[PDB]
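[1] Structural data only, the sequence is not supplied:
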DNA sequence: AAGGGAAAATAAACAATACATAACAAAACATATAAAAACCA
Ligand SMILES: Nc1ncnc2c1ncn2[C@@H]1O[C@H](COP(=O)(O)OP(=O)(O)OP(O)(O)=S)[C@@H](O)[C@H]1O
């Protein structure tokens, strides 16, 4: 009746518990490994973004992150008396 | 027929860059300058296909024809036998 | 009458720019063309005039740090009231909004508003505007350049301050569109092999004798008290050789010489000795390895998986294999140079099922690596990048040259050169 | 090239088609259809258990699945999960992908209102901030208690608007969140061309076959073929002046005196004289003006004698003769 | 083992279709200000 209108919302175990003590315990080992590489990727960009004092000092520093999944997020240092901002440009925003 | 450094592939591109912006070549179907503003703005949004084929296959055409090169290049230069075919 | 400067190779061109520019507005022609390609120092030789002439006043604008004409008008009107504040600070001002203008009427509307309060000045003073890089504006057209020519005449001609222009542009095909306006042009020629080296030596002695990479290598080797002239010679021996072993590679540039020096310089420094400071010819014979290579390129075995590797090796087949021949030569019972043809879907899996080592039937991961290859931009759509999924009319094509195909053929032990036959 | 063509077919009107179509789709294979529907009913506890793991469930298979999804999502799952967490049950947000009028802005404006507006997310509403606003939704949701609060359904995921690529990546970031269960169905044979290993990483799709060979009643409506002109000008003649019927009758006779192509047509001068012969056409202007009305509704053609010819077939014009003209 | 001869290949003229882009339309996204409309007070 209404199906031609688009996106109409509407508002209408002895075994399994032994799974439940095993599944999440495994997943604590998963995501803790996930933040390890997350801390790894965030570290190795951060030191390398700084401390590179070139002599000409009229060139930008470029970084090629080969093999990267186009989703790698970055955090920045505070580094007071100077604002440090992040700009992202997706090929959808490249006309 | 005789000591001349034949260059590579990876370097001619650096020479090929100046040759197209010296206008000795043109792109094959490239309307250069639009007449007014809104015709140029209609060409800016248009994503192109020639960039989507790589650098070494953009079909470049010619601005200065071969036969006219013989009249300007002196015969003292070694490539003068190559102006004529 | 004006105080001309002196420079290296603009001896004719300094005269004309001293000719076509005076502090008096009546002798000053309205519009002007400084033309030449990049690599002539026109931004050099113009400012080099202006430092020698503190009597005039210059307002410097930069189109290349702008993107369009609509800010370019906002660029002009913000700066003249900025300049005239710093030239006549006694004159009171109804300061206008430079953000307000967006249309070519609004400039001469506002310049009619700006200059009228400055009418009480003592003599007809000119004011030179400078636009630098008018061809590389990224929204240019035909009817912009003439739009800025007639701006002077829409101004009231009897005002005490007169605005006049100087245009810097390149790509002399563009100037040939407007020769009928006959505005005075001063062309800037390109350079010859000696004067490239002659410019480059008097501009790079001030850094390459004072770099610490020399100064480290001074105290690191047994330092004989070599003179600055002895530092000048090895610097000059460096420049007079680097332009000799590279001029055919770079043309008559200056910018492309200014950085290739700054790549090969410390690698040249390490291969000096204590003794070769007096021995320049043998020093080149010891530092030879850099002088025959470019060192500007900072061949990958590609990351993609095995079934995706055969997915690539079937896609290169329809750069030459037409449908009239392929089904005969690939039975289950030259355009290597030319631009690639256009695919459709399922012609891939037509060739993919044939050339794979009945051994495969599940095609879920095969469909996975297609749009994986679409994100790598190695096979792209002919049309826009949107509806290519549902099979409407969509044609596909590779974008990889032959060599990377040739390595990836042997990387999976597959033979491809048999099936390419002229 | 003597080809049999769809024009040379015994055609069927509007009410005749849809009624006998409704007879088949509700009486052809009825007994084995619910016999399939009872067989797959035992899989329903298996879907409930896997869906707690945040798995994007995807249904492929031949035939329409639209009826099956709405039974499985609404009646079975959505109150079962609310009872098993411990009050209104879990909100169901369907997405009709066969409806082409789905955009990315409107459905996501529903989503952030369907999801919790705990903060001022309208402050981050700024100019494409959609991926920006959902990114601030994701990292907050990584540190929330794990429970489903919403199940969404996307029918016909290869649909004409959902298959657009800026919409597809939008759904990709939704699926990584643990609080929402994503139960969708596609119908295309090239549906796994839509996803790379980037999106399926965000998706973690699993697959199940459902093939009930359904007729797709709703999904046939937006689609069209030549059933949905010979049929177009069949209705305009039923409401006109009575003279236009006669001057088309004299038109259709000598244009079928000789497929109905150009060569059977007639010259303008003699046709003026012919429609002057039966005291119908006064002159050229009075002829042409009520011939422009046949031209304006594209009911006749003219090519070059000055040949006006009808673009309908040989079989069609005698059907136009004996039925509507007579 | 020879050989016929039909499948396959080549070429060339011509017709029919697809493609790249120009020109534009329209919807989403965005700001501005005078008039209405609440609304304290
Ligand atoms: N006569 C000269 N004496 C000294 N240095 C010079 C001379 N002529 C050119 N140069 C140098 O050449 C450099 C080139 O500067 P530019 O003006 O940018 O070159 P260009 O041809 O103007 O390219 P642009 O910037 O795109 S217009 C200048 O920075 C100077 O150092």
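    Sure thing, it's come through. Numbers count the residues shown, from 1 in each chain, chains lettered A, B, ... in the order given.
[2] Neighbours of the residue of the stretch 101-250 of chain D found nearest chain C, how many?
    Distances between the stretch 101-250 of chain D and chain C by Cβ to the nearest Cβ are smallest at residue D:192, namely 3.7 Å. Any C-beta I mention is one placed from the backbone N, CA and C, and that applies to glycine too. Residue D:192 has 22 neighbours, counted by other Cβ atoms under 10 Å in any protein chain shown.
[3] any idea how far it lies from residue D:205?
    Using Cβ to Cβ, to the nearest Å, one gets 9 Å for the distance from residue D:192 to residue D:205.
[4] now swap in residue C:270 and tell me
    56 Å.
[5] quick one: which of the two has more around it?
    Neighbour count, other Cβ under 10 Å: between residue C:270 and residue D:205, residue D:205 has more, with 17 against 10.
[6] Let me know whether the more buried one touches residue D:60 as I believe.
    No - with contact defined as Cβ atoms under 8 Å, residue D:205 does not reach residue D:60; the gap is 10.2 Å.
[7] quick one, what contacts the residue in the stretch 1-150 of chain D that chain A sits nearest to?
    Relative to chain A, the nearest point of the stretch 1-150 of chain D is residue D:99 (3.8 Å; Cβ to the nearest Cβ). The neighbours of residue D:99, taking Cβ atoms under 8 Å, 6 or more residues apart in numbering or on different chains as the test, are A:4-6, D:159, D:161, D:222.
[8] quick one: contacts for residue B:15?
    So, once contact is read as Cβ under 8 Å, 6+ apart, residue B:15 ends up touching C:249, C:251.
[9] so where does it fall, helix or strand?
    Here residue B:15, judged by DSSP states H and E, is contained in helix B:12-20.
[10] Quickly list what the residue sitting nearest the centre point of chain B is bridged to.
    For chain B, the residue sitting closest to the mean C-alpha position, by Cα atoms, centre = their mean, is residue B:25 at 3.0 Å. Per DSSP bridges, the residues bridged to residue B:25 are residue B:62.
[11] where along the stretch 151-300 of chain D do the strands fall?
    Under the criterion DSSP state E, counting those that start in this stretch, the stretch 151-300 of chain D contains strands at D:180-185, D:206-209, D:266-267.
[12] name the helices or strands packed onto the shortest one?
    Helices and strands touching strand D:266-267, by 3 or more Cβ pairs under 8 Å, 6 or more residues apart in numbering or on different chains; DSSP states H and E, are strand D:307-309.
[13] who are the neighbours of the strand it packs on, in terms of helices and strands?
    Secondary elements touching strand D:307-309 (3+ Cβ pairs under 8 Å, 6+ apart): strand D:266-267, strand D:301-303.
[14] so the residue nearest to the centre of chain B touches residue B:60, yeah?
    Yes - using Cβ under 8 Å, residue B:25 makes contact with residue B:60 at a distance of 4.4 Å.
[15] looking at this, residue D:59 is in a strand?
    Yes - per DSSP: H, G, I helix; E, B strand; the rest coil, residue D:59 lies within a strand segment.
[16] could you measure it against residue D:178, distance?
    Counting by Cβ to Cβ, the gap from residue D:59 to residue D:178 is 21 Å.
[17] rewinding a little: and the residue of the stretch 101-250 of chain D closest to chain C, how far from DNA strand E?
    Distance check for residue D:192 against DNA strand E: by Cβ to the nearest atom of the strand, to the nearest Å, it reads 23 Å.
[18] OK, contacts around that residue?
    C:364, C:367-368.
[19] How about residue D:123?
    With contact set as Cβ under 8 Å, 6+ apart, residue D:123 has no partners.
[20] what about it, helix or strand, and which?
    helix D:121-124.
[21] can you count the residues close to the closest residue to chain B within the stretch 151-300 of chain D?
    Taking Cβ to the nearest Cβ, chain B has its nearest neighbour within the stretch 151-300 of chain D at residue D:165, 13.7 Å off. Using other Cβ under 10 Å, residue D:165 has 17 other residues around it.
[22] Same question for residue A:47.
    9.
[23] Tell me how far it lies from chain C.
    According to Cβ to the nearest Cβ, to the nearest Å, residue A:47 stands 21 Å off from chain C.
[24] excluding its backbone neighbours, what's nearest residue C:100?
    Spatial nearest neighbour of residue C:100, chain neighbours left out: residue C:106 (7.0 Å); criterion: Cβ to Cβ, 6 or more residues apart in numbering or on different chains.
[25] just checking, the one you found touches residue C:97?
    No - assessed by Cβ under 8 Å, residue C:106 is found out of contact with residue C:97, at 10.3 Å.
[26] who's more crowded, the two?
    Ranked by neighbour count (other Cβ under 10 Å), residue C:106 and residue C:97 place residue C:106 first, with 14 against 10.
[27] Tell me which residue lies nearest the centroid of the chain.
    Going with chain A. Most central in chain A (Cα atoms, centre = their mean) works out to residue A:73, at 3.6 Å.
[28] actually it's chain D I care about, not the one you picked
    residue D:222 (2.5 Å).
[29] who touches that residue in this structure?
    D:98-100.
[30] Name the nearest of the residues you listed relative to residue C:84.
    residue D:100 (59.5 Å; Cβ to Cβ).
[31] Against residue B:78, how distant is the residue in chain B sticking out farthest from the centre?
    The C-alpha centroid of chain B is most remote from residue B:2, which lies 30.3 Å away (Cα atoms, centre = their mean). Relative to residue B:78, residue B:2 is positioned 10 Å away (Cβ to Cβ).
[32] who has more neighbours, residue D:59 and residue D:178?
    Counted by other Cβ under 10 Å, residue D:59 and residue D:178 do not tie: residue D:59 has more neighbours, with 20 against 15.
[33] Could I get the phi/psi values of the residue in chain C that the ligand sits nearest to?
    Closest residue of chain C to the ligand, Cβ to the nearest ligand atom: residue C:41 (2.3 Å). Per-residue torsions, residue C:41: phi 70, psi 40 (degrees, to the nearest 10).
[34] Thanks a lot, see you next time.
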